[PDB]
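Read the structure below first, then the notes.
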Amino acid sequence: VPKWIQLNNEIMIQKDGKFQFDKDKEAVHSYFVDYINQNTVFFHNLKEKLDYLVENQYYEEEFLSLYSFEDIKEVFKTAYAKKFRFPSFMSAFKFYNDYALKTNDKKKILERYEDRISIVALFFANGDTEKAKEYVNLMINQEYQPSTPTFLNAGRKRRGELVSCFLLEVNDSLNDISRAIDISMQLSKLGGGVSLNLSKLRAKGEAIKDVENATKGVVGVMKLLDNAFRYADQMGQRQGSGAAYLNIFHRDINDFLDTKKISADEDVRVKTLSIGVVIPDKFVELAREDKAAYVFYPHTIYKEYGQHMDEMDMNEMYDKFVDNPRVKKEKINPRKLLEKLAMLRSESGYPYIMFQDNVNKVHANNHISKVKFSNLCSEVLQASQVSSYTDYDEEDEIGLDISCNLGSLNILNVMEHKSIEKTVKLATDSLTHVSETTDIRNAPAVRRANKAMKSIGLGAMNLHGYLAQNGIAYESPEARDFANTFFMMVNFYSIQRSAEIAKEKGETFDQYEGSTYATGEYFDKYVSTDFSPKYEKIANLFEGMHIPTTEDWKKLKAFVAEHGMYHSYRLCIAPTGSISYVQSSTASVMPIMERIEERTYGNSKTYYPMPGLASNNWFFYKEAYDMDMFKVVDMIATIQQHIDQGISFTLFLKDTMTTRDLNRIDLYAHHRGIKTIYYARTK
Amino acid sequence: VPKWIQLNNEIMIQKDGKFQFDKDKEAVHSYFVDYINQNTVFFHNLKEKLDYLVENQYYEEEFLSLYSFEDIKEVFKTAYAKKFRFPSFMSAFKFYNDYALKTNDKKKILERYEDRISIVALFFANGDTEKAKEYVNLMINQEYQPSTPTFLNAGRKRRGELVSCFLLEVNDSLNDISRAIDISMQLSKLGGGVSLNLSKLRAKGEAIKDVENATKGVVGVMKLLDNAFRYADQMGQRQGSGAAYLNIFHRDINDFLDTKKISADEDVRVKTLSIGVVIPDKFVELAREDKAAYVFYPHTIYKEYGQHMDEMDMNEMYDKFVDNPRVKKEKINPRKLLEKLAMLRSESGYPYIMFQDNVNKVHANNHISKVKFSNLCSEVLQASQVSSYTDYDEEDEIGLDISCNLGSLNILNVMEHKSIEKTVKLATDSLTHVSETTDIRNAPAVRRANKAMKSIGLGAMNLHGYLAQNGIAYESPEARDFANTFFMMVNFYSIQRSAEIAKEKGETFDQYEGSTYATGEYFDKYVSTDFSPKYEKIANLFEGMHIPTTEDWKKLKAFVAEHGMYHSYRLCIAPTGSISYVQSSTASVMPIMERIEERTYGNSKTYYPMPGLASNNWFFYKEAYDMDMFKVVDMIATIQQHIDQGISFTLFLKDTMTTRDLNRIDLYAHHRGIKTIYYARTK
Amino acid sequence: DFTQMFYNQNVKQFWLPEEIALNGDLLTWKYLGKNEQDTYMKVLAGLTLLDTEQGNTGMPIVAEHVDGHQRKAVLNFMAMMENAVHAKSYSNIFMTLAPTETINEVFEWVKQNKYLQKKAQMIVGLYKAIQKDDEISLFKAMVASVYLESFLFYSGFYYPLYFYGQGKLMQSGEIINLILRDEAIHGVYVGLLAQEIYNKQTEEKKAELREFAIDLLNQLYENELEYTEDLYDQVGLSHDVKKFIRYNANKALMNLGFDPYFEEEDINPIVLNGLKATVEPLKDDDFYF
Amino acid sequence: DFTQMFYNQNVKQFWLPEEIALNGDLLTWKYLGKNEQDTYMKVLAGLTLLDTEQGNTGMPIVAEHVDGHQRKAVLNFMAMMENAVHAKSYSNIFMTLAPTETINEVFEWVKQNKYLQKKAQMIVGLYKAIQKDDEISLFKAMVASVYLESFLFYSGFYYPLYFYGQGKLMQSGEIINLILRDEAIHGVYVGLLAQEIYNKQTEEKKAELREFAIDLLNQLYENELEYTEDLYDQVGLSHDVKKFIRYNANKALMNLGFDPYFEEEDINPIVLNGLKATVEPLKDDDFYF
Ligand SMILES: Cc1cn([C@H]2C[C@H](O)[C@@H](COP(=O)(O)OP(=O)(O)OP(=O)(O)O)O2)c(=O)[nH]c1=O
Ligand SMILES: Nc1nc2c(ncn2[C@H]2C[C@H](O)[C@@H](COP(=O)(O)OP(=O)(O)O)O2)c(=O)[nH]1
Ligand SMILES: Nc1nc2c(ncn2[C@H]2C[C@H](O)[C@@H](COP(=O)(O)OP(=O)(O)O)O2)c(=O)[nH]1
Ligand SMILES: [Mg+2]
Ligand SMILES: [Mg+2]
Ligand SMILES: [Mn+2]
Ligand SMILES: [Mn+2]
Ligand SMILES: [Mn+2]
Ligand SMILES: [Mn+2]
């Protein structure tokens, strides 16, 4: 048993009726002094280390050649000038086991935390020494954390893509289905999660060019995609993860849901394919009034109207579809479908729930397209256009497939540094750089949408950690007040930075002129409502920091009208799974699942108290399962009103909660404006 | 019970110790006058019939527009002047259930046998009235039978392709694997059977861009292809049929064979994918000497030598691969592998066995490529060049993927009419037309190889029927003498027709000048050895029909050298499954399995005596299971020496014989020059 | 001289209730009177109790004390049939025909029914009184087991057979016939083992063992009469069932090598109507021709 | 939470010796060396002897002390498989490969063998020490049972699997694979019953039961190493067999809800080739807030 593992295990040994939280500092110190400093390759000078890394196929010479070695040396000086110390053993362990650069035999350590941060900053700045130093200060202060792909792979020769979330539209054709399988395998090969919209595919028992009842439906494509993701398993390193989305009004919705039942047949069940259900307001209205609903065969609708069923507004088109004799449908019970959804989420956590009209009532790019589905993590909500992949000899009609770049603000560190504006703008610049430098050669729609939309996702994390370390309960109205003010400021400065980038480059995103940013409809609630804190305690948290006012929002609206907006999408709160340990932060804006995290690595068990947990703030670190999910919905809806994309919203349920309770949580989330629901986690 | 199937069941009622074979004539007469004439749509004149069929999307207008209606009327008169009568109930039942045109609701019958034959003939002739009449005479006399795709779809609007056998080479890349899956689904959608070579794919545990043990092997691609063929099943009426081929020296050969074991897990076993094993003479030599053989990792060989393993000569490079330290190899026992092959064929009928050096020592187009795999029916043996499907933005290097049009001579009717030459030439013309009118716009390599190679497959059937109806035992030397003379004559006239077509069109097949036809080496055994029958009984069977001598073969060799050959491949003997009933013929050149064949169609049981079966030739219709497989191998090898492609050779095994007997049959087939072994059928 | 043939017969009779689809009985069940359904549920519940104890206790304990691996294998197989097949089949029938509350109520009813408790007390008491290496205590338990197999089940079996014979509840009836087919061979087998022990005794000891067997039979019989009246009076069949149990009591005695005790009677004729290729290595000479 | 699921898996795995024809094994048996034939015979006798203890004592004793009708039924089914199916299967393999006199001698040898006896008597000792209404003694016996089912058999199973993976003795190897598949599920099931007892204990009592399990594992493991060298050195396989023992020891521990004891090792590829919370309806007013 390692000495640091023993020291970390002494946290649970209760001395004087309290956990020994101070043992984790001893644990991390022992971990470093006994393992990391021993296994860290040291070089006489930074020049020798850099030469070894570039020449041994560890780094990329292209981005490092943009600086004189003096500038790189000063950047590394800035990283090491902070004397950053990992507060807990788990932070250092997670970094040096997941993100630190190791030798080709994975025996020694080439990169410390400062080296990784310096390389990421030098890649972000793209030749600017002052910008690189600013990125170094931002990341070594741990105010901004680039996503796991960006943080892990930036500046590495043998790297995967810096983007890991992709959203593909699948057209109703064998050519398009085969192309979707190919692109899914190519993107999973790069290490990215792939989400596929299956709503355009015609249901089971539909006609294929005069041969009726010949289509296997969305479940055959589901099996194809599941095997494609199983094959493209990231070189046998990490299991290939993909998601499939289907509209709740699709005829195959029940077959779609039956793929996740525990009793599912092996010719129906899918293993590596997550499922998400898209629910328009029409379905919730039908279930509310207990009227019997209809699911429609998409190809009949396409033949009758020339438009896909998911391309049309179900609120206005549902009655026309039902009254159309040439549109084929079967009766369903919407309440029974809702209960089936809740039962499936209780049993397996699936499907994801995307409230279509909650997303699109505040969507800023409805002119480009409505948001029809989400990503594998249920936070990316962007307009997509389906591609028409024709025969081999013909020319394909390339659409827009969603792929956004992820980054997370550390709410605790941004708040303690009083640097919401600077951190938000620098994170926007880094995400923009990642977007520009991303070129995917086997997903033409993804590449086209990356070049045109220039969408980024700037998330946040350590919300519960910041609140509990400041004596604020997560469910308290003061917590929602802080979330309101903080994310209003984040949105303000992200919009300002996007407009500044548009002014600097003289270009906006494609089809910006039709957006609500161009017409000013986006800024209505910001030029009409004041989002300053309503509590003196919360207003004191923002001391020394200018909270944007209504006049500031009017000035921003005028600036955006004059100069445009560079990013179609800017903010999305991803789960931030493994980077939260490195940042000593609670995951995303979700509340903590456990106060102290018990995990086993190898044959030794490890203990991870939540960051900042102590005796004084023990009960402010309320576990998510002990919380009222209605108040968590209230918090996420408070945040969601300032996030243009969605938020990964996990439901934390007790074992005593019934199907009716899960349905009530889902319906209250729909009522409160929640766009997506990620997971149903039961204790 | 239907009257016709009641009459057909009176065959088995033994009267005076004999089967009532004449009941089948009464059975078919009742079948017609009680079902067919009643359910047949009859029009006032042929003009109304043709207008009705063209207008209601049953026929194609383009091919019928090349003839004036007087010519079409003359063709239909020629078809009906024969007054063809089906000799058995099964012939008419199979035709009117599988190939006869029916109304859109599958209610009534639009085409008789004469109508279908006339339409196929007018399609073949392509505007020529006299040629259409010649084709009508050829098919109404049942001397030549177009394959099931051609006979079923010739001249129909809503039709599949006229070719159903496709062979695909898969390169060792994810782009090429995705393209292989796409092309397999596209061709299965067209109704064709697709065979894929998986030898170029690197084995399990190979590196994918310097990360080791990353490749899932050929079994992952096998699962992908199996699900692709399950998806593209054409309503499931005829589910997607695929074949995978692996060289026996591939490292994944044991896992490739384990996909067919009964005890295989659901994560390994493939169900819709047939498997074939390509065995070079090196493997048979290694097993014969009981030496230690080695299977190789294909990617190591490709990296070391720059060529794929299956693109190299194993009999000359096996020792170099073994001695090469940079080539990765695994030790196997070749005799244990042979025993495993025999056990797998006994328990499942798989794999197909291709003797690669038996194919390539007589292959005429080794300059283009060596034959590396066979088709799903294990009789197409043509040169293929792998394609290089690149990224979306890059141009693809299109290779040569095999596909040939099938057609069978009826040996009994051809020999009765003394029309080997005319039947062979007309069938060659029809197959050439089918090749020219085929355009696969989603399989680039299939299209390119169809345009370049112009390969056709002209098979034969009713060999056992003809021999049994002429008092010749299938195993007798006289039967092999007849097969030798008959198929030498077929080869002579097919080569003559190919040379005449090349002379008329002024073009040969691509890379003809490097072929053995151009060098004249192909004709060595024909200008040196006389193939006239050695028995007076057989010599009288060919009386009235000129048998080409050595002088005739020398003249043909000069003609080919001076004019070239239009088809790279001309003759392949396919199984000819369902068209054998319509033609009242035994299936292919294989011996019959049952003298009287009992089948259940729906809830009706009906019996099919072999064509011409009686008491005077009961024992000449010896079942395939009761005869020596060594003599059947001798017969197939006698036929194979005149066939440029392979012969679908089914092994008929008793329950008593062990795996050693199956291995002995396989080794004797390899010794006797058998190119492929199709099935190990056990009774 | 007999164990091997019983082994073969038992294993060839192997079955599971899931082999029989029960939804076909749904309508003939729906059509029975409330009295008929009540008696039917209770009858099968009484059978379930008997098989529960025969499987949990009776067969395993006899297996423990009987010498010889083959004899033990037969007895172990019979034990498995009792609780893994027979007792479970009744729940398959209950779950098809009855709502959960009626099922719950009938299992509560077995716990409080005095005749069913008395018969279980008596039979299980004898099983648990077996002493190691004491053949007399073993004989007594084997007599009890034969009486359970060949006599006590029959007050229960009557009713499913009575319906089967009228073309009613025929799927449930098929299950019951399979159970009955098993118990008949179980009763014969255990009877033969009991006779082995009896035949070792002095004439004086034999006389006492016959007294034990007859006293036990009469005591069980008197209790079964009251049980039968309690269940069947509401469906009008008590006298008929009584004739049936006497008939089967004689069969139990015969299984024990004793003379019939009750006089023959006419049984309801309805109830009578209710009754790889071989792998051979390649030689060197196989590669040359 | 688990007994009905295991019931299903157990009964659907039912098989009989007669299903596999054994005679074709003589075509590979004749080609083995004396040491190979000797090791095979000794291993086979070892498995036979241990499995007999499990059929006569191990499974029936656990079935006796475990409470619950459904658990008793599953346990009865497992005991049946040991006595009626497995024991007959081992006998059939022996009778096919060796003459009567050779079988008697091998069993005499293995019966006197120090390493086979040590483990057989250690396991049997724990079964004999179970006391009525004492769940601690029951748990200890369950641990012993899991160690037999999931660990001790595997030094023996190695050899038939080794041949089976090479294409030798395929008929008997198929039989052994079916037996092994039954023992795997037996080990998992008894493991869950042991964890149920373990989870009812205090923290101090748990630590004490863990020490018991690890101490027992250590004793058995050290004897397995000696057993292994004694049988497999003559055919050069002991190193690889030892890896297989440790791998299966880890599975046995995981069956008991414990952490693996041994580091992960790769196994011989030839042997590898051989091997609802509560539904509640929405009652309106849940759509309004
Ligand atoms: C991407 C991928 C490839 N493979 C296998 C299948 C292909 O035959 C083989 C080649 O993959 P490639 O697509 O050629 O990968 P690569 O070009 O980046 O690697 P290399 O430089 O070695 O050519 O790898 C997998 O098994 N799983 C996978 O996820
Ligand atoms: N010497 C050295 N410095 C390293 C290494 N990895 C990162 N660094 C950082 C530490 C300093 O901030 C910076 C410059 O180190 P140096 O080259 O030793 O500089 P100097 O102090 O000699 O001027 O590089 C490393 O491996 N060696
Ligand atoms: N009348 C008619 N003839 C058909 C039909 N299908 C095929 N035929 C064939 C039969 C004859 O050989 C040929 C000409 O038939 P027709 O048009 O009736 O001509 P004719 O009998 O007046 O010369 O067409 C059909 O449906 N009707
Ligand atoms: Mg289409
Ligand atoms: Mg490649
Ligand atoms: Mn019973
Ligand atoms: Mn019984
Ligand atoms: Mn056993
Ligand atoms: Mn067992």
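By convention in this document, the chains of the structure tokens carry letters A, B, ... by their order, each chain's residues are numbered from 1, and ligands are numbered from 1 in the order they are shown.
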- request: With chain D fixed, least-squares superpose chain C over all its C-alpha atoms paired in order and give the RMSD in Å.
  value: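 Answer to one decimal place: 8.1 Å.
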Non-local contacts of range 379-392 of chain A (6 Å; only C-alpha atoms; under 3 positions in same chain excluded) as a PDB file with N, CA, C and O atoms, in the first residue's frame:
```pdb
ATOM      1  N   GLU A 169     -27.162  14.857 -38.629  1.00  0.00           N
ATOM      2  CA  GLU A 169     -28.485  14.604 -39.177  1.00  0.00           C
ATOM      3  C   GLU A 169     -28.401  13.452 -40.167  1.00  0.00           C
ATOM      4  O   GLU A 169     -27.491  13.400 -40.998  1.00  0.00           O
ATOM      5  N   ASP A 176     -27.588   8.046 -47.400  1.00  0.00           N
ATOM      6  CA  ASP A 176     -27.373   8.888 -46.231  1.00  0.00           C
ATOM      7  C   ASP A 176     -27.143   8.061 -44.974  1.00  0.00           C
ATOM      8  O   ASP A 176     -26.356   8.461 -44.115  1.00  0.00           O
ATOM      9  N   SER A 369     -32.419  27.029 -38.820  1.00  0.00           N
ATOM     10  CA  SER A 369     -33.146  25.794 -38.574  1.00  0.00           C
ATOM     11  C   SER A 369     -33.597  25.807 -37.124  1.00  0.00           C
ATOM     12  O   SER A 369     -33.042  26.531 -36.293  1.00  0.00           O
ATOM     13  N   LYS A 370     -34.614  25.006 -36.831  1.00  0.00           N
ATOM     14  CA  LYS A 370     -34.951  24.734 -35.446  1.00  0.00           C
ATOM     15  C   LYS A 370     -33.969  23.721 -34.868  1.00  0.00           C
ATOM     16  O   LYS A 370     -33.346  22.939 -35.591  1.00  0.00           O
ATOM     17  N   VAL A 371     -33.821  23.748 -33.549  1.00  0.00           N
ATOM     18  CA  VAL A 371     -33.030  22.732 -32.864  1.00  0.00           C
ATOM     19  C   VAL A 371     -33.879  21.473 -32.761  1.00  0.00           C
ATOM     20  O   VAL A 371     -34.937  21.473 -32.123  1.00  0.00           O
ATOM     21  N   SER A 374     -30.138  16.937 -29.554  1.00  0.00           N
ATOM     22  CA  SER A 374     -29.004  17.338 -28.739  1.00  0.00           C
ATOM     23  C   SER A 374     -27.859  16.350 -28.933  1.00  0.00           C
ATOM     24  O   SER A 374     -27.934  15.427 -29.745  1.00  0.00           O
ATOM     25  N   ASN A 375     -26.789  16.556 -28.174  1.00  0.00           N
ATOM     26  CA  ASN A 375     -25.589  15.745 -28.292  1.00  0.00           C
ATOM     27  C   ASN A 375     -25.668  14.558 -27.333  1.00  0.00           C
ATOM     28  O   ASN A 375     -26.716  14.258 -26.756  1.00  0.00           O
ATOM     29  N   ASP A 396     -22.787  15.546 -53.682  1.00  0.00           N
ATOM     30  CA  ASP A 396     -23.565  15.579 -52.455  1.00  0.00           C
ATOM     31  C   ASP A 396     -23.978  17.004 -52.110  1.00  0.00           C
ATOM     32  O   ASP A 396     -23.288  17.973 -52.440  1.00  0.00           O
ATOM     33  N   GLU A 397     -25.119  17.123 -51.437  1.00  0.00           N
ATOM     34  CA  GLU A 397     -25.613  18.400 -50.930  1.00  0.00           C
ATOM     35  C   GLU A 397     -25.281  18.457 -49.444  1.00  0.00           C
ATOM     36  O   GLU A 397     -25.990  17.884 -48.615  1.00  0.00           O
ATOM     37  N   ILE A 398     -24.203  19.157 -49.112  1.00  0.00           N
ATOM     38  CA  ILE A 398     -23.696  19.182 -47.746  1.00  0.00           C
ATOM     39  C   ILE A 398     -24.501  20.179 -46.923  1.00  0.00           C
ATOM     40  O   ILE A 398     -24.678  21.336 -47.322  1.00  0.00           O
ATOM     41  N   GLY A 399     -24.991  19.731 -45.776  1.00  0.00           N
ATOM     42  CA  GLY A 399     -25.718  20.556 -44.834  1.00  0.00           C
ATOM     43  C   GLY A 399     -24.844  21.030 -43.692  1.00  0.00           C
ATOM     44  O   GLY A 399     -23.634  21.228 -43.844  1.00  0.00           O
ATOM     45  N   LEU A 400     -25.464  21.216 -42.530  1.00  0.00           N
ATOM     46  CA  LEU A 400     -24.771  21.667 -41.330  1.00  0.00           C
ATOM     47  C   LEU A 400     -24.951  20.630 -40.233  1.00  0.00           C
ATOM     48  O   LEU A 400     -26.079  20.360 -39.811  1.00  0.00           O
ATOM     49  N   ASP A 401     -23.843  20.063 -39.766  1.00  0.00           N
ATOM     50  CA  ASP A 401     -23.840  19.141 -38.641  1.00  0.00           C
ATOM     51  C   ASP A 401     -23.117  19.784 -37.467  1.00  0.00           C
ATOM     52  O   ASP A 401     -22.035  20.354 -37.627  1.00  0.00           O
ATOM     53  N   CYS A 572     -22.567  26.626 -23.377  1.00  0.00           N
ATOM     54  CA  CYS A 572     -23.224  25.359 -23.093  1.00  0.00           C
ATOM     55  C   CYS A 572     -22.518  24.737 -21.901  1.00  0.00           C
ATOM     56  O   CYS A 572     -21.286  24.700 -21.860  1.00  0.00           O
ATOM     57  N   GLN A 645     -27.243  27.684 -25.483  1.00  0.00           N
ATOM     58  CA  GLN A 645     -27.417  26.252 -25.673  1.00  0.00           C
ATOM     59  C   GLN A 645     -28.005  25.660 -24.394  1.00  0.00           C
ATOM     60  O   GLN A 645     -28.508  26.387 -23.535  1.00  0.00           O
ATOM     61  N   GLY A 646     -27.982  24.336 -24.258  1.00  0.00           N
ATOM     62  CA  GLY A 646     -28.556  23.686 -23.103  1.00  0.00           C
ATOM     63  C   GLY A 646     -27.559  23.456 -21.982  1.00  0.00           C
ATOM     64  O   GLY A 646     -26.400  23.861 -22.034  1.00  0.00           O
ATOM     65  N   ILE A 647     -28.049  22.792 -20.941  1.00  0.00           N
ATOM     66  CA  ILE A 647     -27.270  22.437 -19.763  1.00  0.00           C
ATOM     67  C   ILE A 647     -27.467  20.951 -19.504  1.00  0.00           C
ATOM     68  O   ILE A 647     -28.596  20.455 -19.562  1.00  0.00           O
ATOM     69  N   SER A 648     -26.377  20.244 -19.226  1.00  0.00           N
ATOM     70  CA  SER A 648     -26.459  18.827 -18.881  1.00  0.00           C
ATOM     71  C   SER A 648     -27.113  18.700 -17.512  1.00  0.00           C
ATOM     72  O   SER A 648     -26.473  18.907 -16.479  1.00  0.00           O
TER      73      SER A 648
ATOM     74  N   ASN B 442     -23.619   2.887 -57.769  1.00  0.00           N
ATOM     75  CA  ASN B 442     -23.221   3.035 -56.378  1.00  0.00           C
ATOM     76  C   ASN B 442     -22.084   2.105 -55.986  1.00  0.00           C
ATOM     77  O   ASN B 442     -21.666   2.119 -54.823  1.00  0.00           O
TER      78      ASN B 442
END
```
query: What lies within 10 Å of range 221-227 of chain B using only C-alpha atoms, ignoring chain neighbours under 3 positions off, as a ChimeraX atom specification?
result: /A:220-221,223-228,230-231 /B:174,177-178,180-182,184-185,196,198,201,216-218,230-232,240-244,256,259,267-275
task: Identify which of the residues B:145, B:568, B:195, B:237 lies closest to residue 211 in chain A, counting only C-alpha atoms when measuring atom-to-atom distances.
output: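 Of B:145, B:568, B:195, B:237, the one nearest residue 211 in chain A, counting only C-alpha atoms, is B:237.
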task: List all protein, DNA and RNA residues that have at least one atom no more than 12 Å from any atom of ligand 9, counting only C-alpha atoms and all ligand atoms, and write them as a PyMOL selection string.
output: chain D and resi 10+47-48+50-60+74-87+145-153+178-190
What would the file look like if the residues just selected were written as a CSV table (one decimal), in the first residue's frame with C-alpha atoms?
```csv
chain,number,residue,atom,x,y,z
D,10,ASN,CA,-30.3,-23.2,-13.9
D,47,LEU,CA,-12.8,-33.8,-10.0
D,48,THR,CA,-15.1,-36.9,-9.6
D,50,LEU,CA,-14.7,-33.6,-5.1
D,51,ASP,CA,-17.9,-33.4,-7.0
D,52,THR,CA,-19.3,-36.4,-5.0
D,53,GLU,CA,-18.8,-34.6,-1.8
D,54,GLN,CA,-20.6,-31.6,-3.2
D,55,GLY,CA,-23.6,-33.8,-4.3
D,56,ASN,CA,-23.8,-35.9,-1.1
D,57,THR,CA,-23.1,-33.2,1.5
D,58,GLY,CA,-22.2,-29.7,0.2
D,59,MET,CA,-25.4,-28.8,-1.7
D,60,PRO,CA,-27.9,-30.7,0.5
D,74,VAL,CA,-32.8,-23.8,-6.6
D,75,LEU,CA,-30.4,-25.5,-4.2
D,76,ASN,CA,-32.3,-28.8,-4.7
D,77,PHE,CA,-31.9,-28.4,-8.4
D,78,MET,CA,-28.2,-27.8,-8.0
D,79,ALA,CA,-27.8,-30.9,-5.8
D,80,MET,CA,-29.7,-32.9,-8.4
D,81,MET,CA,-27.3,-31.8,-11.1
D,82,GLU,CA,-24.3,-33.0,-9.0
D,83,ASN,CA,-25.8,-36.4,-8.2
D,84,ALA,CA,-27.9,-37.3,-11.3
D,85,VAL,CA,-26.0,-35.5,-14.1
D,86,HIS,CA,-22.4,-34.6,-13.2
D,87,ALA,CA,-21.6,-37.9,-11.4
D,145,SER,CA,-18.6,-24.3,-1.2
D,146,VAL,CA,-17.8,-21.2,-3.3
D,147,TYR,CA,-14.1,-22.1,-3.1
D,148,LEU,CA,-14.9,-25.6,-4.4
D,149,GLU,CA,-17.2,-24.5,-7.2
D,150,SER,CA,-15.3,-21.5,-8.4
D,151,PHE,CA,-11.7,-22.3,-7.5
D,152,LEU,CA,-10.6,-25.8,-6.4
D,153,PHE,CA,-12.1,-27.5,-9.5
D,178,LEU,CA,-21.1,-28.2,-19.5
D,179,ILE,CA,-20.2,-29.4,-16.0
D,180,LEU,CA,-17.9,-26.3,-15.6
D,181,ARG,CA,-20.7,-24.0,-16.8
D,182,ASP,CA,-23.0,-25.5,-14.0
D,183,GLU,CA,-20.3,-25.1,-11.3
D,184,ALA,CA,-19.8,-21.5,-12.3
D,185,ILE,CA,-23.4,-20.6,-11.7
D,186,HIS,CA,-23.5,-22.7,-8.5
D,187,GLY,CA,-20.5,-20.7,-7.2
D,188,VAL,CA,-22.1,-17.4,-8.1
D,189,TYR,CA,-25.5,-18.3,-6.4
D,190,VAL,CA,-24.0,-19.7,-3.2
```
task: May I ask you to extract the residues of chain D within 10 Å of chain A, using only C-alpha atoms, and to give them as a PyMOL selection string?
output: chain D and resi 259-263+276-289
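Where the distance criterion is 7 Å and the atoms used are only C-alpha atoms and all ligand atoms, the residues close to ligand 2 are residues 41, 42, 43, 44, 45, 46, 47, 49, 73, 76, 77, 78, 79, 80 and 115 of chain A.
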